[PDB]
Structure formats: structure tokens, C-alpha cells
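Below, in C-alpha cells: the form deposited without adenosine-5'-triphosphate, a single chain.
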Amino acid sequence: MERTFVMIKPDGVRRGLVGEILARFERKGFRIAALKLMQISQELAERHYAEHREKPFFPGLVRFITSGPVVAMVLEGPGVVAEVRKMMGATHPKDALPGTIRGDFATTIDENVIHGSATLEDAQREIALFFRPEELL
């Protein structure tokens, strides 16, 4: 019952990559435990990126992640956290390999189309912050 948090960023949404991306996770055999379209608020954004509150790129993050609606979801399955990270590819598309989501769909780090939890703790932290308990199935 391991699980991870994934977010198709605003760029992934306006480019129409929601279905294709979900399709990869479904054919992979992972379970969709949660899923919803949403608009991240400024305050919520700054919270998710709380640790980087001091970083210089922080403003740019909050601005982009709230530039439009996003699709949040939770996937379940064996080693899903490390597995989804592997499927997504390197954070910067130029280093992501063909076959991965960022390697096949993205070209810039600022708009790398997607995000996945780095660790199980980060997953819990992120799941609690974007989903109400009744939204997990």
C-alpha cells in the first residue's frame, strides 16, 4: 500500500498532457488512489515550498505553480515512490532520458511538466497538504 504524490504542473495541463501522463501510470499497473483538478493558492504554494522560503528561486516557483490549474493525484503500488521518480526522469529535461515523462514531453527546467514525491515522508507531507482525508480512496 505504499503511495506517492504527483502533480501535473500548469504547463502539463495547458499542453493537454493529463491523459497521456495518467495513461503511462495506468499501463504501468499503479493504482489511482486520489485525483483532482485544482488551483493552488499563493499561501498554499508558499507552504508546499516552505523550505525554500529563503531560496532566490522561491518567488519563481510559487508564481509558476499558481499560474494555472494543476492535476494532483496519489498513486499506489510496490516501490511506487522511487518508481514514479524513475518514470518522470531527471528534474531538468535536458538530463532526463527518452522514455521518461520529462524526457519525452519537456525541454525546460522551469516548465518540467510534472512533479513526484522525493521520499515517503515528502509524499505524506504533500498528500496531507493537497488532499482532504475523504479524497483518498
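In this text, residue numbers run from 1 along the sequence as written.
The stretch with the higher mean CA B factor, choosing between 36-44 and 68-76, is 36-44. Once the C-alpha B-factors are averaged per stretch, 119-127 and 6-14 rank with 119-127 first.
Across the options 99, 93, 56, 29, the residue with the most elevated CA B-factor in the record is 56. Out of 50, 81, 106, 88, it is 50 whose C-alpha atom has the highest B-factor in the PDB entry.
From this point on, the text means the form deposited with adenosine-5'-triphosphate bound, which you will not see here.
Only one of the listed residues (61, 34, 96, 82) places a non-hydrogen atom within 4.5 angstroms of adenosine-5'-triphosphate in the bound PDB entry, and that residue is 61. Heavy atoms of residue 116 reach within 4.5 Å of adenosine-5'-triphosphate in the bound PDB entry, making it an interface residue. Although the partner is absent from this view, residue 76 stays clear of adenosine-5'-triphosphate in the bound PDB entry, with no non-hydrogen atom inside 4.5 angstroms. By the criterion of a heavy atom within 4.5 Å, residue 110 is counted among the residues contacting adenosine-5'-triphosphate in the bound PDB entry. Looking at residue 91, you'd find a heavy atom of it within 4.5 angstroms of adenosine-5'-triphosphate in the bound PDB entry. Residues within 4.5 angstroms of adenosine-5'-triphosphate in the bound PDB entry, judged by any non-hydrogen atom, belong to 102-110 and to none of the other stretches in 24-32, 66-74, 37-45, 102-110. Annotation for 48-66: interface residues with adenosine-5'-triphosphate in the bound PDB entry are 49, 52, 57, 61 [heavy atom within 4.5 Å].
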